[PDB]
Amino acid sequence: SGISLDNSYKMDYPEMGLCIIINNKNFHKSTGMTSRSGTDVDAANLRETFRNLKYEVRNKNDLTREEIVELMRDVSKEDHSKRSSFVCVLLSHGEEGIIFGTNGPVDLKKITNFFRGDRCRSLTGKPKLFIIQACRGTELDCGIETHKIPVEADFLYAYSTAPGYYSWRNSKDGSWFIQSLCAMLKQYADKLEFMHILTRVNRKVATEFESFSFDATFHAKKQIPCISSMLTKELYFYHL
């Protein structure tokens, strides 16, 4: 055949892959965590968005930390040979490096480690996408006026917010990040490489959202999401 190029992940396996959505809305009272009003809007938007990208979507609601770990363990032990990619969406309370089950926290690294190149062989060399709507701390953005491949290769973490910062969720509309992400996937998944889609999400969140609060501490705050890419190739959700 003619000249071949190798710059983009193979996305024409028989299946696009799984999209696991963990939607934690109601937390055990002893944790002292509030209910995450609006997260069902996020979860439904994500389900439809990734359905249209031909992912096998599984929605899970109100999982304990133990159920989160077992679910991700079990999913990492499936045979993904016929799947192009893997997507996991986490919607919950969080801190830097941490996502909350309904009864307590889970280390993000414990979740993602199940899918390391050496621990999930049927996803080796395939893009593993983790999309995280959760706080990464308590800072507020005031804004300004205008040995063959590494085991950590081929992961992408699409964080809703910068390191150390709160993340914003509207109780009526859903979270700023998930809203924008779904809208940009809807508009551009058949046209743009994934990093360029996520860059549009960055701009949409940064420019179109600002908090409104009766509490001066939390009023008029801004947010920028945070793309963390260990991918080794371009990622297009379509193929030729």
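Sequential numbering from 1, following the sequence displayed.
J.: Quick one: classify how much of the deposited chain lacks coordinates between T146 and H147, choosing none, 1 to 3, 4 to 9, or 10 or more.
T.: The entry has a long gap there, with 10 or more residues left out between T146 and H147.
J.: Please compare 114-122 with 87-95 and say which has the higher mean C-alpha temperature factor in the record.
T.: That would be 114-122.
J.: Using the B-factors recorded in the PDB entry, average over the C-alpha atoms of 148-156 and of 162-170, then report which stretch comes out higher.
T.: The entry gives the higher C-alpha B-factor average to 148-156.
J.: Take the CA temperature factors straight from the PDB entry and tell me which of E210, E66, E48, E193 peaks.
T.: Reading the PDB entry, the winner on C-alpha B-factor is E66.
J.: From the list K186, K204, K54, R58, select the residue with the highest C-alpha B factor recorded in the entry.
T.: Comparing C-alpha B-factors across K186, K204, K54, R58, the top value belongs to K186.
J.: Quick check for you: using the entry's CA B-factors within this chain, is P14 in the lowest, middle or highest third?
T.: Highest third - that is where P14 ends up once the chain's C-alpha B-factors are sorted.
J.: Within this chain's modelled residues, let me know which third the CA B factor of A43 belongs to: lowest, middle or highest.
T.: Its C-alpha B-factor belongs to the lowest third of this chain's values.
J.: Name the third of the chain's ranked CA B-factors that contains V75, choosing lowest, middle or highest.
T.: Its C-alpha B-factor, which the entry lists for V75, ranks in the middle third among residues of this chain.
J.: According to the PDB entry, is the CA B factor of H28 in the bottom, middle or top third of its chain, that is, lowest, middle or highest?
T.: It falls in the top third of the chain.
J.: By the record's CA B-factor, is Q179 among the lowest, middle or highest third of residues in the chain?
T.: Answer is middle: the recorded C-alpha B-factor places it there.
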